[PDB]
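Here the structure comes first, spelled out in structure tokens, and everything after it is commentary.
Methodologically, a virtual Cβ is constructed for each residue, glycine included, from the backbone with ideal geometry; neighbour enumeration extends over all protein chains shown. All of this is worked out from the model, or read from it or from the source named; no laboratory read-out is quoted.
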Ligand SMILES: CN(C)Cc1cccc(Nc2ncc(Cl)c(-c3csc(C(=O)NN4CCOCC4)c3)n2)c1
């Protein structure tokens with residue numbers, strides 16, 4: 001599995017099309033995570049997502065974004081190469097376990113976690129990359145309370161051709177809980193503000209240590225969102241993609257203050273929260289401006305919240321590539337990685 005240069009420790013996850021084990025580099029002793037992606041070239045959409053992920057990760061160099069530390073070279077003939085091994089930063093837990101466990105989660109924990117999330121997000125949005133699928137299970141953390149953003153299978157970027165119908169109908173299992181309203185309602189406004197909606201959801205979830213908008217189904221999700229944010233505005237309703245969603249929403253009979261949603265919460269925390277959770281994307285705060293909000297004064301540092309240049313190009317992802325060309329690009333990605341340190 002891991003060749004001679006690593007040693008396996010324990011399995012961290014096995015479901016889905018990947019195994020995640022913790023390991024140690026034999027020569028250095030550094031601990032890492034090894035992700036096996038089996039049958040990585042069978043399902044064109046899977047291989048596309050994988051190539052997407054490898055490129056996004058190789059592009060980012062940022063302490064709050066998981067880094068690729070090694071990619072195992074193909075140990076079998078090209079045509080026989082079917083399992084991809086990606087070595088990543090080993091983290092100790094994820095924000096979900098923290099929120100839904102027996103461990104401390106003080107307002108200072110919440111403040112520092114939010115700070116690192118928004119710092120990663122500032123660097124990431126400056127590269128024209130939208131994560132689109134943020135959630136506590138996607139935020140990795142260690143003992144010191146350091147946070148790293150991961151995954152990225154769902155990241156897309158700023159251009160949205162009439163591939164908005166693609167967003168119309170896609171699979172989201174338990175993942176509509178943080179899905180931005182513009183995606184729930186296909187408002188055809190797909191920018192980095194998407195992520196900010198989720199951040200708000202995550203923020204409140206740290207505050208009360210319970211999910212904010214836990215819809216049991218699509219319609220229930222919309223109903224929950226509305227019971228708090230109040231009836232959406234005329235313009236929003238008119239921008240909804242599917243006439244049927246519009247009709248249901250119009251066939252419905254006010255916003256509840258956030259001090260009432262989270263009675264007794266840090267004033268500044270709820271200030272930021274309210275700046276995040278709004279229907280109109282344009283009305284949300286940017287990651288950059290959030291980092292300057294009073295709630296984060298403890299950690300704000302303008303010389304240590306860098307943008308990322310150059311921006312990230314999704315052209316490779318936009319073109320329809322055969323299975324073969326996708327596999328070719330992934331192998332080229334591995335070799336390129338080994339061409340930029342090891
Ligand atoms: C030590 N342990 C008992 C506690 C624990 C619990 C959860 C996480 C971690 N740390 C960690 N460090 C590095 C990485 Cl990279 C990951 C990781 C999580 S999820 C994932 C992925 O890519 N996909 N997931 C979806 C389905 O397939 C595989 C998983 C990669 N986690 C530690």
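Figures for the structure shown
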{"read-out": "Options 190, 172; residue that is more than 19 Å from residue 119 (Cβ to Cβ), assigned by TED's automatic domain parsing to the domain that holds residue 102, part of a loop (DSSP other than H, G, I, E, B) and within 16 Å of the ligand (Cβ to nearest atom)", "value": "172"}
{"read-out": "Subset of the range 89-115 (residues that are closer than 16 Å to residue 205 by Cβ and in contact with a strand residue (DSSP E or B) (Cβ under 7 Å, 6 or more places away or on another chain))", "value": "93, 94, 95, 98, 113"}
{"read-out": "Considering residues of the range 25-61 that are crowded, with 18+ Cβ neighbours inside 10 Å and over 28 Å from residue 320 (Cα atoms) only, the residue nearest to the ligand (Cβ to nearest atom)", "value": "33"}
{"read-out": "Residue in the range 69-88 that is part of a helix (DSSP H, G or I) and either within 15 Å of the ligand (Cβ to nearest atom) or in contact with a strand residue (DSSP E or B) (Cβ under 8 Å, 6 or more places away or on another chain) (or both) present", "value": "no"}
{"read-out": "Residue check for residue 17: away from the ligand (no atom under 13 Å from the Cβ), farther than 15 Å from residue 326 by Cα and surrounded by 12 or more Cβ atoms within 10 Å (Cβ to Cβ)", "value": "no"}
{"read-out": "Matching residues, the range 118-160, being at positive phi, more than 8 Å from the chain's Cα centre (by Cα) and surrounded by 20 or more Cβ atoms within 10 Å (Cβ to Cβ)", "value": "157"}
